[PDB]
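Quick reminder, even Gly has a Cβ in these numbers, built from the backbone with ideal geometry, and neighbours come from all protein chains shown. Each answer follows from the model by the rule given with it, or from the source it names; no laboratory instrument gave them.
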Amino acid sequence: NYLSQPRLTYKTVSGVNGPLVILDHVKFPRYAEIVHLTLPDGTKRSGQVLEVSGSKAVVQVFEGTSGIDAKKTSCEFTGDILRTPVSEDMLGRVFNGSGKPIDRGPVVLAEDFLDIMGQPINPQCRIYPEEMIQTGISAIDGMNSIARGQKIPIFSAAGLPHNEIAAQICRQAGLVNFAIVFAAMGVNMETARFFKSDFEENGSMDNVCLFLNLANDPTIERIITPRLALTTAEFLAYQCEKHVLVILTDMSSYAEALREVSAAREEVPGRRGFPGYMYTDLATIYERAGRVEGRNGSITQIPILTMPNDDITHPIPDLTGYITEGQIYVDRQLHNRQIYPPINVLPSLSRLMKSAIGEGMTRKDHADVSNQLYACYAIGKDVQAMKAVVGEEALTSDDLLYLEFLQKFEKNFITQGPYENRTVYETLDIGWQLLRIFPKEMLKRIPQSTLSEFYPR
Amino acid sequence: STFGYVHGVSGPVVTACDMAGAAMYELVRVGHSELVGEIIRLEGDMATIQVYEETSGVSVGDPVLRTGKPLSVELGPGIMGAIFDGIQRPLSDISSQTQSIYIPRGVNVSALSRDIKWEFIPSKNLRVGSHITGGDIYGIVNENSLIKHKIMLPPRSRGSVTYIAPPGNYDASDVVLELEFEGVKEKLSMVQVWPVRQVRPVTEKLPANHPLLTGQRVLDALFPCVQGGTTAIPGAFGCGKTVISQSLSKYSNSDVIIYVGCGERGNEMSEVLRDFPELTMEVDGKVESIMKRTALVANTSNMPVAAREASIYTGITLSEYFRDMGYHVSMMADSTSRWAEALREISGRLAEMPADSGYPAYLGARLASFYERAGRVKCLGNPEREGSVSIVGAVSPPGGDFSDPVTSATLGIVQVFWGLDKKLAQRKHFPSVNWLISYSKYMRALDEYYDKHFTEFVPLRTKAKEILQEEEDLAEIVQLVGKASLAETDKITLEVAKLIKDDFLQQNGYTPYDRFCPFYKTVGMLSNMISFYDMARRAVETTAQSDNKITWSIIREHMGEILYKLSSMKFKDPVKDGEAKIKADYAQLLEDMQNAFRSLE
């Protein structure tokens, strides 16, 4: 039923400190309720009830507390938690990080109002994702295969081409159309232009939804931006039955805004000063993906990360890898060598790959070839590390085979260029050609029945 | 009432009462000597004030006067040639009026003089009843021989003109425009006021395209910056930072310069304030002082910590004000590390959680929000115009450790690094730019500019960077191979790399012919050096298969005159040689080297 009883408004602001405003004499406070603040100069701001105790409510204000005062500032309480208006009109729109339009179009006519926080899907009703997406990028498709419904973030760093890889994945994804929902947290204007331009250049923009919070926009919008985006993906996937690809741009900007918010409440710190609950918080975003029983649609997530000082042990890539179903790793040392894409396969993973590949799925060799390419690449790295101590004259011919595989793998299998779109079958046969260098008795991940069928070609 | 009263004092923290309706981060004047501070908490009728100056001798029951503003800049005529601290106190007027070597506690000189009369011209086709909007130019003040100081309507102001002044001489306190909206009037003098932490609005924010010229061959060729760009330099002692600052100040295609000291040593600040007024440039065939287009923000390490942290926000807000007039502004920050240390002290005084290396949790958000104000823009208001702010910001990693949070965040954001280097400066190699570490990301943006105006330059830059990389790759090999047993192609690479490194990249800015190396001279030289490289390579490659083959010794023996004419190209002088003369001479060397190689082929 509708909220038919009228809203209360209060001038009873008892104190202000950091991002927090504190009202008193509040009639029956509701935890997590939304409050609208009108400042003395007539500026409107919004906040959410972060604590309640008797007659007091504590509000965090999304646009910050600067210029709020104890006497003239006025707060209206909405009677309800944060909900977003959603409709299938939202494809081909641009919004800011709080869901207001920025494309000069109108506000959304809701088909429904949905709770931004979502709601945990029952593990009984989850369907395991098994349909492989071909990205056409060989370093992903052949050695980290993506199932439709996965979470698989791109771990990158400042100055690397993770925008261009994410754009290539959006441009090339298909089964062996996606609707795209794109969120940006803390991006510079040239990053915001790059994506919007690329989606318009590929003609795709009538099938893309963008939420933009730029580097100059309010920080506390960043902690609702991915929840607005994922609520839109959940309507599109689980009510309108679409296949959704969700891109979350720089989760390190989300984590940094979350640290800044939590530091003001003085909640228990974890490693490197992040909130003690950061694992749970990130998990409420990343678990909003997958397939479900009896509905055709699906949500795939590809969050993009910047690793501080390239350190994979930092809490942001660390707690993300603990939740997500793998990672793609973009490497500065490959980027400095002018390779594209810079995907170093060794720190990368896909967990859902193991069941999305093989006989009937892709080809019978795929699970064997992939594991042997990992083994030879790991050994080739170990020989290259030995060479740096002892020099070439110490190496036996068997070491030189792995060190020749290493050079040919990075030029043929990894290196690709920005518009090349390889099949899985091209990726597999480019796999066998590099493996063919080795006498077959060295291929000790591969059983005789696979070798005797595919190596002699 | 605007007065509350001091309840308690403990260190720089003042707590005041009857402060009901004072607002977060407003400034106040505390005590009978009127010390400045800002409101950092509110609770009932009380406020907590973080006082900036010395609270010694403040008493309970002293008055506190609320100012209706947060930290803000006075913007108007009289900024050019000014010296300001990080909160816009006029250091050169405070000295003149006080007759003292010190800054008094609670000094209250206004930032712009209300005494001087300014020669004002209205927009001439504005009339009573005209419709007017924020950013509209409604007159010009003839401030000096270089800057027309365009008087603009403030952002967040609009209406119908009810009065406009006739031409004449006016104080900064005279009302020169009046307008009405919804039957409510606004009266405006030449000076507006804007909060330092709010980005000044624009109609549209645009991709950067045109180069910022420095007049240096390295920088302008190998590592270019755009107007509206963002740059970092390594701020350390032996590296020779002054060539950047002086090239920008004297020779760049900027219209206006803003320089910020963030928290410098007393004697280091004194050298900048000594040198800058003495600099000159030539304009319409007449020598002019740099201070006719320049303003300095200056902070020594004992200025109030809130001024040290506000310093870059004052400097960018002053820059954004001249951008809005349709000018191109260059900003230089003397070290952003000295600013991040003030940010650490303030958050430490507030007892905030120590996050990464003791810096506050927001360090990266503050630096991203700062550098985000750079860019080309389409200005607010009616006369259609474009302007830009470019940022250069020095950074000071401890012992060269780039993993430092400030340096790591800075190099994570900026699009150019001009890696000045002590190890090159000790060789007397000037400018000291490390061409192996230094880089620019603007090369995909500058493409269609060079393509239109110079055309041949993009291939030449590409081959030049390759020659300067091959001579690093050879640098170990030469020690094992003993120079003599090397390939003739690679001897050509080593000794053309020497030619580029010694005669193109070096530029002695004290010599009259190389103070300023215009871009046609800069492409002209590189075109000839790469032409000689291609011809020398072709002479070897035509013969090396089975002939009495060409060698780099044969080329040096047959063409040593041409090889000297190439080293002579840097001495050509735009003050005495026309553009057509320099072009003709560089074309004559290209004919001469062709005749010489055709005599060997």
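Can you give me the ranges of the helices (runs of 4 or more DSSP H) entirely in the stretch A:215-292 with at least 2 residues that are within 14 Å of chain B (Cβ to nearest Cβ) and of a type in the set (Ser, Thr, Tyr)? Break it down stepwise before answering.
Details: elements: A:225-238, A:251-265, A:278-286.
Here the list reads A:251-265.
Inside the stretch B:30-49, can you point out the residues that are buried (at least 21 other Cβ atoms within 10 Å of the Cβ) and not hydrophobic (A, V, I, L, M, F, W, C)?
Kept after step one, since they are buried (at least 21 other Cβ atoms within 10 Å of the Cβ), are these residues of the stretch B:30-49: B:30-31, B:35-37, B:39, B:42, B:47, B:49.
B:31, B:37, listed by residue number.
Taking the conditions exactly as written (over 26 Å from residue A:218 (Cα atoms), touching a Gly at 6+ places or on another chain (Cβ under 6 Å) and aromatic (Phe, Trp, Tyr)), does residue B:251 satisfy them or not? Break it down into steps so the answer makes sense when it comes.
Values: over 26 Å from residue A:218 (Cα atoms): yes; touching a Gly at 6+ places or on another chain (Cβ under 6 Å): yes; aromatic (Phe, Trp, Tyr): yes.
When the stated conditions are applied, residue B:251 passes them.
Filter the stretch B:340-350 for residues that are among the aliphatic types (A, V, I, L, M) and either more than 10 Å from chain A (Cβ to nearest Cβ) or within 16 Å of residue B:303 (Cα to Cα) (or both) and give the result. Show your work before the answer.
Just the residues of the stretch B:340-350 that are among the aliphatic types (A, V, I, L, M), to begin with: B:340, B:342-343, B:346, B:350.
Selection gives B:340, B:342, B:343, B:346.
Taking strands (runs of 3 or more DSSP E) that fall entirely within the stretch A:1-102, which contain at least 2 residues that are within 30 Å of residue B:156 (Cα to Cα), more than 14 Å from every other protein chain (Cβ to nearest Cβ) and not hydrophobic (A, V, I, L, M, F, W, C)? Write out each step before concluding.
On the way: elements: A:13-17, A:20-23, A:33-38, A:44-53, A:56-61, A:74-81, A:83-86, A:93-96.
In the stretch A:1-102, A:44-53, A:74-81, A:93-96 are the strands (runs of 3 or more DSSP E) which contain 2 or more residues that are within 30 Å of residue B:156 (Cα to Cα), more than 14 Å from every other protein chain (Cβ to nearest Cβ) and not hydrophobic (A, V, I, L, M, F, W, C).
Which members of the stretch B:206-215 meet the condition of being farther than 19 Å from residue B:456 by Cα, under 16 Å from the mean Cα position of the chain (by Cα) and outside any strand (DSSP E or B)? Outline the logic, then answer.
Here is the first cut: in the stretch B:206-215, the residues farther than 19 Å from residue B:456 by Cα are B:206-208, B:212, B:214-215.
With the extra rule that they be under 16 Å from the mean Cα position of the chain (by Cα), the set shrinks to B:208, B:212, B:214-215.
Correct list: B:208, B:214, B:215.
Regarding residue A:204, is this residue farther than 30 Å from residue B:406 by Cα, out of contact with any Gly (no Cβ under 6 Å at 6 or more places or on another chain) and within 14 Å of chain B (Cβ to nearest Cβ)? Break it down into steps so the answer makes sense when it comes.
On the way: farther than 30 Å from residue B:406 by Cα: yes; out of contact with any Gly (no Cβ under 6 Å at 6 or more places or on another chain): yes; within 14 Å of chain B (Cβ to nearest Cβ): no.
Here the answer is no, as residue A:204 does not meet what is asked.
For every residue, the table says whether it meets (1) of a type in the set (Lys, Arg); (2) buried (at least 23 other Cβ atoms within 10 Å of the Cβ); (3) more than 23 Å from residue A:145 (Cα to Cα); (4) out of contact with any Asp or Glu (no Cβ under 6 Å at 6 or more places or on another chain).
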residue	(1), (2), (3), (4)
A:217	no, no, yes, yes
A:222	yes, yes, yes, yes
A:238	no, no, yes, yes
A:242	yes, no, no, yes
A:267	no, no, yes, yes
A:299	no, yes, no, yes
A:302	no, yes, no, yes
A:313	no, no, yes, yes
A:322	no, no, no, yes
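Could you look through the stretch B:417-457, keep only residues that are surrounded by 19 or more Cβ atoms within 10 Å (Cβ to Cβ) and within 12 Å of chain A (Cβ to nearest Cβ), and pick out the one that is farthest from residue B:218 (Cα to Cα)?
B:445
Would the stretch B:101-121 turn up any residue that is part of a strand (DSSP E or B) and either within 30 Å of residue B:25 (Cα to Cα) or among the hydroxyl-bearing types (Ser, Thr, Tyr) (or both)?
no
When you go through B:393, B:400, B:412 one by one, which is the residue that is in the same structural domain as residue B:336 (by CATH) and in contact with a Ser or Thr (Cβ under 7 Å, 6 or more places away or on another chain)?
Details: B:400 fails: in contact with a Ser or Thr (Cβ under 7 Å, 6 or more places away or on another chain); B:412 fails: in contact with a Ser or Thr (Cβ under 7 Å, 6 or more places away or on another chain).
Residue meeting the stated conditions: B:393.
I need a count of the residues in the stretch A:148-161 that are assigned to a strand (DSSP E or B) and touching an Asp or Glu at 6+ places or on another chain (Cβ under 6 Å).
The initial filter retains those residues of the stretch A:148-161 that are assigned to a strand (DSSP E or B), namely A:151, A:154-156.
Those left that are additionally touching an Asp or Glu at 6+ places or on another chain (Cβ under 6 Å): A:151.
Counting residues in the stretch A:148-161 that are assigned to a strand (DSSP E or B) and touching an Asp or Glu at 6+ places or on another chain (Cβ under 6 Å) gives 1.
For (1) surrounded by fewer than 17 Cβ atoms within 10 Å (Cβ to Cβ); (2) in contact with a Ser or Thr (Cβ under 9 Å, 6 or more places away or on another chain); (3) aliphatic (A, V, I, L, M); (4) on the phi > 0 side of the Ramachandran plot, each residue gets a yes or a no:
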site: B:105; (1), (2), (3), (4): yes, yes, no, no
site: B:111; (1), (2), (3), (4): no, no, yes, no
site: B:135; (1), (2), (3), (4): no, yes, no, yes
site: B:157; (1), (2), (3), (4): no, yes, no, no
site: B:163; (1), (2), (3), (4): yes, no, no, no
site: B:204; (1), (2), (3), (4): yes, no, no, no
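Kindly provide the set of residues from the stretch A:369-402 that are surrounded by 18 or more Cβ atoms within 10 Å (Cβ to Cβ) and among the aliphatic types (A, V, I, L, M), ordered by number. It would help to see each step written out before you state the result.
The first filter runs over the stretch A:369-402 and keeps only residues surrounded by 18 or more Cβ atoms within 10 Å (Cβ to Cβ), leaving A:369-370, A:372-373, A:376-377, A:379-380, A:383, A:399, A:401-402.
Those that are surrounded by 18 or more Cβ atoms within 10 Å (Cβ to Cβ) and among the aliphatic types (A, V, I, L, M): A:369, A:373, A:379, A:383, A:401.
Go through the stretch A:188-211 and give me each residue that's closer than 21 Å to residue A:98 by Cβ, aliphatic (A, V, I, L, M) and surrounded by fewer than 23 Cβ atoms within 10 Å (Cβ to Cβ).
Within the stretch A:188-211, A:189, A:192 qualify.
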